[PDB]
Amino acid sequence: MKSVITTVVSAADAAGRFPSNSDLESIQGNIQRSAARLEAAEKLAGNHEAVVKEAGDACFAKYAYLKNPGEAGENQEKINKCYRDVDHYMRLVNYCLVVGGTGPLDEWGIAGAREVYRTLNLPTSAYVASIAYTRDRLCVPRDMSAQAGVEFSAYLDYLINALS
């Protein structure tokens, strides 16, 4: 699960080394930055249903064709799977804010996504519309502090770029 800790430990292990100063110094960065990301994670945890509804709504408002026969949102059960998928990504963003790295997105959300969405004929731009809507809907300092926004937005761009 990529994070500050796991990156430095993996690198030391690959070299047969004990932890040393740059490893400990890297981890001091955790101690400084954790407040901003854990603020974003808590805001997310506390309000994900409303966030996910707005994001899924924006997807379908942008792409009404999705609701046509044979398209990815042709019926209610498929529509609900779409909002569920937005909820999964938001939960993984919460996980990345907690871990302080992209590990939970990389492992549980991005790896194999291309193959899945292509095979199941789910258009990537619809996912990107959801995540981008959320990134641009973010309101600082209304919703959270500036640095909590930066952390939150970084993971949303990371996912967008991963899908693009």
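Each residue number is its position in the shown sequence, starting from 1.
Legend: mean Cα B-factor per stretch from the PDB entry, 95 to 103 versus 35 to 43; the higher mean is in 35 to 43. Mean C-alpha B-factor is higher over 143 to 151 than over the other stretch, the pair under comparison being 143 to 151 and 17 to 25. Split the chain's modelled residues into thirds by C-alpha temperature factor. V116 is in the lowest one. For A162, the recorded CA B-factor ranks within the middle third of the chain. Only modelled residues enter the ranking.
The entry lists a Cα temperature factor for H88 that places it in the lowest third of the chain's modelled residues. The PDB entry assigns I110 a C-alpha temperature factor belonging to the lowest third of its chain's modelled residues. Annotation for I131: C-alpha temperature factor in the lowest third relative to the rest of the modelled chain, per the entry.
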